[PDB]
């Protein structure tokens, strides 16, 4: 869907920006600093689930650019493992949110965050 590589870059950066907001806005809830409304969080994690599937298709071959490391394309199977693992961590968060289980939510949230960081450590250039 991208006329030039720059369009892919813009897409993925936007997708990741939205993910970051949908993930990060729950931080006060998991910390107890904001109240836990099970329905609010269920709906939000549904949005996060949708969004968390989107960036990967915008790292198609030849879409080098932005702060993407070239290892994304050298190493296809390893990058795919990291995104698929990340999406599976999102599944655990969805399960927690759907159950209305705050303890499972906290645990899953931590694991998701670790997965974001593991990918960045391997595949995102320093700012």
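Numbering follows the first chain given and starts at 1.
Q: Decide which of the stretches 37-45 and 65-73 has the higher mean C-alpha B-factor, going by the entry.
A: Between 37-45 and 65-73, it is 65-73 that shows the higher mean C-alpha B-factor.
Q: Per the PDB record, is the mean Cα temperature factor higher over 99-107 or over 10-18?
A: Mean CA B-factor is higher for 99-107.
Q: Going by the CA temperature factor in the entry, name the top one among 50, 87, 94, 81.
A: Highest C-alpha B-factor among the listed residues goes to 81.
Q: Using the temperature factors of the C-alpha atoms in this entry, rank residue 118 within its chain: lowest, middle or highest third.
A: According to the entry, residue 118 has a C-alpha B-factor in the chain's highest third.
Q: Taking the values exactly as deposited, rank residue 60 by C-alpha B-factor within its chain and report the matching third: lowest, middle or highest.
A: Its C-alpha B-factor, which the entry lists for residue 60, ranks in the highest third among residues of this chain.
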